[PDB]
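First comes the structure, then the notes that go with it.
Protein chains get the first letters and strands the later ones, always in sequence-line order, with residue 1 at the start of each. We use all heavy atoms of the structure for the numbers below, so side chains are in, but hydrogens, waters and symmetry mates are not.
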Number of protein chains: 2
Amino acid sequence: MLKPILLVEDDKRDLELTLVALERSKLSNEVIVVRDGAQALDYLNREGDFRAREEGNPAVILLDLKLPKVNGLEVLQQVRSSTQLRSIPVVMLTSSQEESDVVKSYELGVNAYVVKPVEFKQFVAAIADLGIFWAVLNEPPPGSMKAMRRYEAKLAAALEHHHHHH
Amino acid sequence: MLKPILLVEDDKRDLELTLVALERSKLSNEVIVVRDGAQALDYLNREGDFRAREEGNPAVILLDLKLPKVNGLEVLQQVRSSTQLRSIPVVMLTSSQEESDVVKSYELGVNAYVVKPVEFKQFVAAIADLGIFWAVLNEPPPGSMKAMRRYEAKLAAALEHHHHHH
Ligand SMILES: C[As](C)(=O)[O-]
Ligand SMILES: C[As](C)(=O)[O-]
Ligand SMILES: [Mg+2]
Ligand SMILES: [Mg+2]
Ligand SMILES: [Zn+2]
Ligand SMILES: [Zn+2]
Ligand SMILES: [Zn+2]
Ligand SMILES: [Zn+2]
Ligand SMILES: [Zn+2]
Ligand SMILES: [Zn+2]
């Protein structure tokens, strides 16, 4: 029932901050992390590594502009040009308020902005800015928890350090 | 999957403000309204008008202290004394900050407070104060929408006026 959140972010230090903000916020849609724009487009179009996934758009895309191989703006344009994808809400993760302002000038109907580094308060404020629907839960869905934990571990192994213990 | 929110509130003018804040916030758990503490306890215990309802606790109780017949504090004590009910998060709707402070002194583990009149911003801040889990949705669940619309209509017919049109 709950659709995933697609987090598109290469820089592993930034990924850490964004996932921690997500964990802290208790936002419970399953996170799916891809690390460049080619992988994001594969996820969204169900190709590549994602060829076998269930049909359906993510609830939200958290889209870093800084992506190797295929830039974040190319992902955003292909999303908004697609009749299938164009309805997906997007939070752009930018480097400065000036960058957010420039992106607004492209008129790609970006729904919200977070200026990096991502912190919990600004992050939740961006999600609130989307003006989409939401619901409270007593229990997180177990697949969501498993996914966050799995990424925390992969990211820890890759960065060769951890910040907390569960 | 999503559990309802139980709104316990007699005064019809206050009910209007609380439902509008809920509608505006796009919080999408189904609302269930009861108008005094006797009805609230019947809902929670599946008795009375609610004898046939599905098993399960509401996600949140929005509990007005001012209730005819059975007071809101008696509902809160019976909830916290019950091994079945005591885990339910409660937002108390109070008349002043002094009232919130007094209620905190009872040590009934009240999770959040809204000082009436309820407005959208303070309302969402109270829900955030609960520190519970939540999820975003593109579509509200249709049963939720039907329920809000149904109450708006009953409340309009009872107050003999409306404030907006859908
Ligand atoms: C040494 As330890 C608390 O990271 O298992
Ligand atoms: C007169 As009318 C806009 O309440 O149907
Ligand atoms: Mg980047
Ligand atoms: Mg009252
Ligand atoms: Zn350690
Ligand atoms: Zn680190
Ligand atoms: Zn963690
Ligand atoms: Zn009218
Ligand atoms: Zn009115
Ligand atoms: Zn309405």
Side-chain angles (χ1 to χ4, degrees), chain A residues 1-7 21-32 44 55-62 79 84-91 109 111-112 120-149, chain B residues 1-7 21-32 44 55-62 79 84-91 109 111-112 120-149:
Chain A
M1 178 172 168
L2 308 177
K3 308 190 303 189
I5 294 166
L6 180 64
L7 167 49
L22 208 45
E23 184 171 10
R24 205 180 121 175
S25 72
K26 293 199 185 72
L27 175 54
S28 293
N29 308 68
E30 180 176 346
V31 70
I32 293 166
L44 289 167
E55 187 174 66
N57 291 344
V60 173
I61 299 166
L62 309 173
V79 165
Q84 299 303 95
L85 304 179
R86 59 183 173 209
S87 59
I88 299 167
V90 178
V91 180
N111 309 99
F120 163 81
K121 154 186 275 194
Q122 294 97 289
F123 173 79
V124 175
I127 298 294
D129 279 340
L130 297 176
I132 59 182
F133 295 89
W134 60 292
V136 290
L137 321 168
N138 287 289
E139 32 205 290
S144 292
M145 286 287 279
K146 287 224 247 303
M148 174 67 73
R149 293 301 184 261
Chain B
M1 178 172 168
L2 308 177
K3 308 190 303 189
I5 294 166
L6 180 64
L7 167 49
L22 208 45
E23 184 171 10
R24 205 180 121 175
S25 72
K26 293 199 185 72
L27 175 54
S28 293
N29 308 68
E30 180 176 346
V31 70
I32 293 166
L44 289 167
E55 187 174 66
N57 291 344
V60 173
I61 299 166
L62 309 173
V79 165
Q84 299 303 95
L85 304 179
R86 59 183 173 209
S87 59
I88 299 167
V90 178
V91 180
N111 309 99
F120 163 81
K121 154 186 275 194
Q122 294 97 289
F123 173 79
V124 175
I127 298 294
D129 279 340
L130 297 176
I132 59 182
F133 295 89
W134 60 292
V136 290
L137 321 168
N138 287 289
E139 32 205 290
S144 292
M145 286 287 279
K146 287 224 247 303
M148 174 67 73
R149 293 301 184 261

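Only the side chain of A/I127 has a heavy atom closer than 4.5 Å to any heavy atom of chain B. At a 4.5 Å heavy-atom cutoff, A/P4 makes no contact with chain B through either its backbone or its side chain. Interface remark: B/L27 contributes backbone and side-chain atoms alike to the contact with chain A (heavy atom separation under 4.5 Å).
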Please list every donor-acceptor pair under 3.5 Å in which a side-chain atom of residues 129-143 of chain B meets a protein atom from a residue at least two apart or in another chain.
from	atom 1	to	atom 2	distance (Å)
B/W134	NE1	A/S25	O	2.8

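Between chain B and the residues A/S144, A/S87, A/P89, A/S28, the most heavy-atom pairs under 4.5 angstrom are made by A/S28.
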